[PDB]
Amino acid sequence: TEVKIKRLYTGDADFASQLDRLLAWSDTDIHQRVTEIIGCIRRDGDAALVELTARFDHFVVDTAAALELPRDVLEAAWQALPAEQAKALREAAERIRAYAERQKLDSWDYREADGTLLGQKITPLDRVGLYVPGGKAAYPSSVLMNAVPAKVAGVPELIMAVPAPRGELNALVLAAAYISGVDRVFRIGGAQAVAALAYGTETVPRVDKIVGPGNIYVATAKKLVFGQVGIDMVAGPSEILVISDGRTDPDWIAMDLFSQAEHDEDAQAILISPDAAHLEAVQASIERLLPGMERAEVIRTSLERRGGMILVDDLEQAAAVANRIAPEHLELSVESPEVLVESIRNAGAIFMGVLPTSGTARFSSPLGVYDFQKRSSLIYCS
């Protein structure tokens, strides 16, 4: 029943190094394989894509044109969702759209003293490729959070790759692609899909940026085609950092940790508090509520491998430690978070009352509309 979670104390002398080891996170054959696949796609295009799709996905088609899903299929997958899921999808997409609309970059210009016109010309990327994994194990959220900002940016051709293992489709994924304005959907995946998107085939249009997480083949391929296309940041496992003043119900804090611990065994969930009693209470809440979780084994694995509870002297030190951690997700479960947030510098998303992980929030932003736009300097000497 016990869950052994690493406990750290800011008073300890070896604390910095312990925090380092807690945050630490880290094949030749895979690199070789992906290189070969990319080469095959560049050299032989569609024939290679069809063959590799039959090999990896067990999806057999006569011509590459058949890899594509008709648009009617997308609309129909949407039309057949249970009413509540449809509601949820529309609402989420709308929130994402509104937010993207507010972040959208605009063109402008101005005149220097001599009369020179200087300006910034904003354009959408010409085409964007979105990768989504096949089967039941994909989440519609990833589709919305990549595709919606891309369409708000004004990207004219948004192309999705999602493999169809043995022909199998994910209704929610297709419906999400439909309502987010995905333009074309191809049943391809893996390194072969990345290569097809990056270089083009006679069937697959060449895109300028590829986003969306996938397996080791997809990640490796994305790294190898960077330069030919832009890519999104490589995702590490999810992270949450909770700063708690001790006033919140420990059952709730526990659920806050489970929220991110539950979807990756290598996820990192950390709790910081100046209250030791509160930390013990949350330990208890974890051990009690854990069995009743459906993802109990994964949650346990994550908490035991990379979980942590850090006792700090106060909320100031909590903010300092957080700024060192630079977490993907930061939750300020404290009484005056609008005050505490003033001390926060490095965090992907902050919850008071796609995202950069593995400490890259020290220098990166979440994926947003701006990543599907670009600027050109304009100089008109008259």
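Residues carry their position along the shown sequence, with the first being 1.
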item: Deposited-sequence gap flanked by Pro70 and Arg71; value: none
item: Interval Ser26-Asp27, deposited residues with no coordinates in the entry (none, 1 to 3, 4 to 9, 10 or more); value: 1 to 3
item: Of 108 to 116 and 212 to 220, the stretch whose C-alpha atoms average the higher B-factor in the entry; value: 108 to 116
item: Between the two ranges 10 to 18 and 354 to 362, the one averaging a larger CA B factor in the entry; value: 10 to 18
item: Per the PDB entry, maximal CA B factor within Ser259, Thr203, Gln228, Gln192; value: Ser259
item: Out of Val128, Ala77, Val152, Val234, residue topping the C-alpha B-factor column of the entry; value: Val234
item: Relative C-alpha B-factor of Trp252, binned into the chain's lowest, middle or highest third; value: highest
item: Chain third (lowest, middle, highest) by recorded CA B-factor, residue given as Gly348; value: lowest
item: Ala47 - Cα temperature factor, lowest/middle/highest third of chain; value: middle
item: B-factor third for the C-alpha atom of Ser244 within its chain; value: highest
item: Ranked against its chain, the third holding the CA B-factor of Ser238; value: middle
